[PDB]
There are 2 protein chains.
Amino acid sequence: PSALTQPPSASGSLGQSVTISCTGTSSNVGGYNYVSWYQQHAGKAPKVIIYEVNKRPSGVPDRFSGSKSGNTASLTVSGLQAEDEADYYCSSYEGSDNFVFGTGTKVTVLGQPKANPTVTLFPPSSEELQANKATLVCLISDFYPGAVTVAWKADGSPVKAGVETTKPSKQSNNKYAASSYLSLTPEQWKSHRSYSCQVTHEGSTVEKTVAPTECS
Amino acid sequence: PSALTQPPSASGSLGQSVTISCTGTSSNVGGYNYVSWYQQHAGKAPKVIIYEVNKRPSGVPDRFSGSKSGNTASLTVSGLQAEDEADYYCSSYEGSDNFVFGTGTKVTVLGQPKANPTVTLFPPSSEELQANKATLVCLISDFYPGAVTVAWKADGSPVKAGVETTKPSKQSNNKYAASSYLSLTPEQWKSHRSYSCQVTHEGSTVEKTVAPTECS
């Protein structure tokens, strides 16, 4: 194979603390003291938090600290934050210039406060209306947990043609941001009296409306 | 870290040669010659495929070869295989406590025709400004492969803070859609001349600007 063993998952609670194991052999983890850990957020480059077993680089916080016993290396993340929620990989030297990587470890931070979303309807731009198009956008942001459902309505009558909805995605503050768009003709933008973007998060429903009347 | 810039998406069909670039910003980059390449299949851990610019680690075939220009490093996959599909990162320097990783290139084996994105930038609506809110939206649509890089500039200067970008979500027509929003103050919004959203995708770069208007 050549892969270090790490628990598939490890939950904690804000202000709580975690400990992720990483087990190798006497050839790799047990052989040298070149055990480093990687923090990778869904969709980003990996970031080195630990290197050389228990050495924290430039900027890594202090609630990240690692240690090694025999064949297993471990990383303690205390006073869990919201942003510690990522995938954590461990890796070890194994000679001949080579590196072996651990399976990943996904750490989930429990008890994060709920936040209903902030919806934002944007009528078609002048610019795009000038090219003969009209797409309306529904920006749904700062919501937690991360699951919404959106619906469109032209004049309180429902719309299923040509609506495209994005999957939530964590922001700089571990809240989600999704966006639904509805594309149409400069001609339909105009014929309806209203278009609203309806959004349900955790049972509360927020619904915004935009009219082909504005000055914007 | 002195950022390592990597194109967003890189593609071809089976049998073609795909080169990825890696351009440092500093004194060679992150600072010099110890640039390695990692391949991250989907959902698994990183893997070292090239180290010390063009050395191959062993269990690593011949089709991967590495080189370095001045400030630019290049990985080349020749006669692309289905299994070559994954994310690809560059990294620079062990020497220290700061090991910077590149931005990641996403190798795709063309499952359909390539589609440069459709960028649509929207100014903050009349309502939302009437609310002391100011939010720009930049809709990116119908692109394939599904990886793009978004930059924002306020009066030619790149906007640092307040930008959130989504994750390319498959649409119903099988192409992707993404979006970033800049969060401002009627204050900030109104103070600049023009605001720009630039999106890169596979050697195609679009850029759209909006200017504060008013009415009132």
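Residues numbered from 1 in each chain as written, not as in the entry; some residues may be left out. Chains lettered and ligands numbered in written order. Heavy atoms only, no water.

Structure determination for the deposited model, as stated in its record, used X-ray crystallography, and the stated resolution is 2.3 Å.

Naming follows the PDB entry, where chain A appears as MCG of Homo sapiens. The title field of the PDB entry reads "MCG, A LAMBDA V TYPE LIGHT-CHAIN DIMER (BENCE-JONES PROTEIN), CRYSTALLIZED FROM AMMONIUM SULFATE".

Caption draft 1: Representation of the packing of aromatic side chains within the structure. Applying the stated rule across the entire model yields 16 aromatic pairs over all chains. When the centroid spacing of 5.5 Å and the interplanar angle of 45° are considered together, the rings of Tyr38 of chain A and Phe101 of chain A count as tilted. Residue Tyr38 of chain A is found in strand 4 (residues 35-40), and its partner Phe101 of chain A is found in strand 9 (residues 99-102); the two are separated by 63 residues along the sequence. With a relative accessible area of 8%, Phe101 of chain A lands in the buried category. A centroid spacing of 6.0 Å and a plane angle of 65° characterise the contact between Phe122 of chain A and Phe122 of chain B, whose relative ring orientation is edge-to-face. Taken together, the residues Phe122 of chain A in strand 12 (residues 118-122) and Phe122 of chain B in strand 11 (residues 118-122) connect one chain to another. Among the aromatic residues, ring-to-ring pairing joins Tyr38 and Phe101 of chain A together with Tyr38, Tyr89 and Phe101 of chain B into one connected group. (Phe/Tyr/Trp six-rings, centres within 6.5 Å; stacked < 30°, edge-to-face > 60°. Helix = DSSP H or I, 4+ residues; strand = E, 2+ residues; numbered from the N terminus. Buried < 20%, exposed > 50% of the residue type's maximum accessible area, 1.4 Å probe, protein only.)

Caption draft 2: How the structure looks around the sheet that holds strand 7 (residues 72-77) of chain B. Residue and element names in this part refer to chain B. The strand order 1-3-7-6 describes an open sheet built from four strands, whose pairing is antiparallel. Edge positions in the sheet fall to strand 1 (4-5) and strand 6 (64-68), since each of these pairs with one other strand and no more. Sheet topology note: the strand 6/strand 7 ladder contains five bridges and is antiparallel. Among the inter-strand pairings, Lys68 is bridged to a residue of strand 7, identified as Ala73. (Pairing = 2+ DSSP bridges.)

Caption draft 3: A look at the pairing of strand 12 of chain A. All names here are of chain A. The buried fraction of strand 12 amounts to four of the five residues, a majority that puts the element mostly inside the structure. Two strands pair when backbone bridges link them, and strand 12 and strand 13 (residues 134-143) are joined in this way by five bridges, in the antiparallel orientation. Directly across from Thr118, in strand 13, lies its bridge partner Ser141.

Caption draft 4: Looking closely at the interface of chain B and chain A. Taken together, the 42 residues of chain B in the interface contact 42 residues of chain A. Of all residues in chain B, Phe99, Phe122 and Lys167 of chain B bury the most surface against chain A, accounting for 15% of the area lost on that side. On the surface where chain B and chain A come into contact, there are zero salt bridges. Counting across the interface, chain B meets chain A through 13 residue pairs in polar contact. When residues of the side of chain B that touches chain A are traced back to their parent elements, those giving at least two are strand 4 (35-40), strand 11, helix 1 (126-129), strand 12 (134-143), strand 15 (163-165) and strand 17 (176-184) of chain B. The element best represented in the side of chain B that touches chain A is strand 12 of chain B, accounting for five residues. Tallied by class, residues from the side of chain B that touches chain A come to 19 nonpolar, 16 polar and seven charged. (Contact = heavy atoms within 4.5 Å. Buried area = accessible area lost by both parts, 1.4 Å probe. Salt bridge = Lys/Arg side-chain N within 4 Å of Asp/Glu carboxyl O. Polar contact = N/O pair within 3.5 Å; in protein donor to acceptor, adjacent residues only side chain to side chain. Nonpolar A, V, L, I, M, F, W, Y, C, P; charged D, E, K, R; others polar.)

Caption draft 5: Here's a closer look at the side chain of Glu164 of chain B. Considering the arrangement of structural elements, one finds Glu164 of chain B in strand 15. No salt bridge is formed by the buried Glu164 of chain B. Its closest oppositely charged neighbour is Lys44 of chain A, at 7.0 Å. In terms of polar contacts, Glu164 of chain B uses its side chain to reach the backbone amide nitrogen of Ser172 of chain A, at 2.8 Å. Excluding residues that lie within four positions of it along the chain, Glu164 of chain B makes contacts with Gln171 and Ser172 of chain A together with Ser179, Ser180 and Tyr181 of chain B. (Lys, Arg positive; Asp, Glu negative; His and termini not counted.)

Caption draft 6: Broad picture of the pairing of strand 7 of chain B. Residue and element names in this part refer to chain B. Of all the six residues making up strand 7, five are buried; the element is thus mostly covered by neighbouring parts of the structure. Pairing between strand 3 (residues 18-24) and strand 7: six bridges, direction antiparallel. Paired with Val18 across the two strands is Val77, which belongs to strand 7. Counting the residues between successive antiparallel strands, the hairpin from strand 6 to strand 7 contains three residues.

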